[PDB]
Amino acid sequence: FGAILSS
Amino acid sequence: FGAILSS
Amino acid sequence: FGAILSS
Amino acid sequence: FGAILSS
Amino acid sequence: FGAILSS
Amino acid sequence: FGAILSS
Amino acid sequence: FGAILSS
Amino acid sequence: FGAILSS
Amino acid sequence: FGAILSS
Amino acid sequence: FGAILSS
Amino acid sequence: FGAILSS
């Protein structure tokens, strides 16, 4: 899987 | 908030 | 599956 | 709020 | 299935 | 309030 | 199943 | 509040 | 499964 | 608060 | 599994 998070 | 998730 | 979320 | 989900 | 939600 | 549910 | 919730 | 859940 | 939560 | 979880 | 948390 791959995941990108910006906060 | 920005998110992407792939499996 | 794939998922994109913007808040 | 923006969302996309695909399976 | 696929689903798009804007709020 | 916004909701989507799929099975 | 898939589910999207915005509050 | 923003949520996505997929199984 | 995959899950994305923003609060 | 931002979270992503994949299994 | 993989998990990303921002607080």
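What counts and how
The numbering shown runs from 1 along each chain in the order of its written sequence and may not match that of the entry; residues for which no coordinates exist are omitted. Note on labels: chains are lettered from A, ligands numbered from 1, in written order. Here the side-chain values reflect all heavy atoms present in the structure, with hydrogen atoms and water set aside. In what follows, residue pairs with any heavy atoms lying within 4.5 Å of each other are defined as contacts. What counts as buried area is the accessible surface, traced by a 1.4 Å probe, that two parts surrender upon association, with contributions from both included. Any N or O atom pair separated by 3.5 Å or less is treated as a polar contact, with the protein-specific requirement of one donor-capable and one acceptor-capable atom, and with residues adjacent in sequence counted only for side-chain atom pairs. Residues are grouped as follows: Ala, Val, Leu, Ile, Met, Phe, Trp, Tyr, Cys and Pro are nonpolar; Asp, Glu, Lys and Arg are charged; every other residue, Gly included, is polar. Where helices and strands are cited, they refer to DSSP runs of H or I of at least four residues and of E of at least two residues respectively, numbered from the N terminus. Working definition: with a 1.4 Å probe on protein chains only, accessible area under 20% of the residue-type maximum means buried, over 50% means exposed, and in between means partly exposed.

Structure determination for this entry, per the PDB record, employed X-ray crystallography and reached 1.79 Å resolution.

When the parts of a complex come together, some accessible area is lost, and that lost area is often taken as the interface size. With four residues of chain J at the interface, the matching set in chain A holds five residues. Summing both sides of the interface, chain J and chain A together bury roughly 300 Å²; the carbon and sulfur share of this comes to 77%. Joining chain J to chain A, the criterion identifies zero residue pairs in polar contact. Here the side of chain J that touches chain A is composed, by residue class, of two nonpolar, two polar and no charged.

Another aspect to go through is the environment of I:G2. Structurally, the position occupied by I:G2 is in strand β1 (residues 2-6). A residue is classified by how much of its surface remains accessible, and I:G2, at 2% relative accessible area, is buried. If sequence neighbours within four positions are ignored, I:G2 has contacts with B:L5, C:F1, H:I4, H:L5, H:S6, J:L5 and J:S6.

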